[PDB]
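See structure below.
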Amino acid sequence: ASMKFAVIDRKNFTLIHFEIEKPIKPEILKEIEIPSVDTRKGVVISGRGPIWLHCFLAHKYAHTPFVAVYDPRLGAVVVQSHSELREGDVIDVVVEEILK
Amino acid sequence: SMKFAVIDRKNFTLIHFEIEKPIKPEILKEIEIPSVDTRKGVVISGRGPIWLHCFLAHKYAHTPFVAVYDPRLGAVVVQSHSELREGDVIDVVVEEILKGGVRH
RNA sequence: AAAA
């Protein structure tokens, strides 16, 4: 109720975008229901929210080919590469254009 | 462009980074990661992009836990393989730990 | 709290 996920399918990743309605407390990490994804595709995590929410979510998709964190300045920065891409690679995605 | 300060405690290693100027994602290919005592959890702290924080949290996932410093709260546990649970907050004040300047 |  403080938080909601939009899950968008793309060829090479699933986009997971969160929207925080009101300021969250860390106790929420114990209660959050994470979106299920196609585990054969990497994940791009997007949203305006605390660094600890991002780190929590990135860890929760570590079992996928890669995890990329959305930077509105750049695209999605690969922060974990298990089976695909390299850390520091940028995926050319504009999340604002998908959501608008 | 970015340097590390390693602060050894009994309960955790505090890794604090400092950025001299804006970094580019390419830096993640070049960064040398401080080695830690892997039998103690890690607290990550610093002023930098969310992707840097996520990159560092994953690089210390082989330790008992990874906590991310929030100046409003303390160190929020984002990963645990210890008594600590995700969403637990470690009472640290990094601003006070760093007073007087730490060599990076 | 998308460069705590």
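Both backbone and side-chain heavy atoms feed into the values below; hydrogens, waters and symmetry mates do not. In the text below, chain A, chain B and the rest are named by the order of the sequence lines, each starting its count at 1.
Using a 3.5 Å distance cut-off with no hydrogens or angles, the side chains of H63(A) and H82(A) do not pair a donor with an acceptor.
Comparing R72(B) and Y69(B), the nucleotide of RNA chain C nearest to each residue sits closer to the 5' end for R72(B).
In this entry the distance linking CG of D71(A) with P of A2(C) reads 11 Å, nearest Å. The separation between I19(B) atom CD1 and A3(C) atom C1' is 6 Å, rounded to whole Å. Between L57(A) atom CG and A2(C) atom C1' there is a gap of 12 Å when expressed in whole angstrom units. Computed from coordinates, the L52(B) CG to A2(C) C1' distance equals 13 Å when rounded to whole Å. As rounded to whole Å, 13 Å separates atom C1' of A2(C) from atom CD1 of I24(A). Rounded to a whole Å, the CZ atom of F17(B) is 10 Å from the P atom of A3(C). As a whole-Å value, the separation of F55(B) CZ from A2(C) P is 23 Å. Across the protein-nucleic acid pair, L15(A) atom CG and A2(C) atom P stand 18 Å apart, rounded to whole Å.
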Under 3.5 Å, which donor-acceptor pairs link side chains of residues 89-97 of chain B to any protein atom two or more places apart or in another chain?
from: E95(B); atom 1: OE1; to: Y69(B); atom 2: OH; distance (Å): 2.4
from: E96(B); atom 1: OE1; to: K99(B); atom 2: NZ; distance (Å): 2.9
from: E96(B); atom 1: OE2; to: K99(B); atom 2: NZ; distance (Å): 3.4

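Scored by the side chain to side chain donor-acceptor pair (under 3.5 Å) test, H59(A) finds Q79(B) as partners (sequence neighbours excluded).
Residues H53(B) and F17(B) place their aromatic rings such that the two centres sit under 6.0 Å apart.
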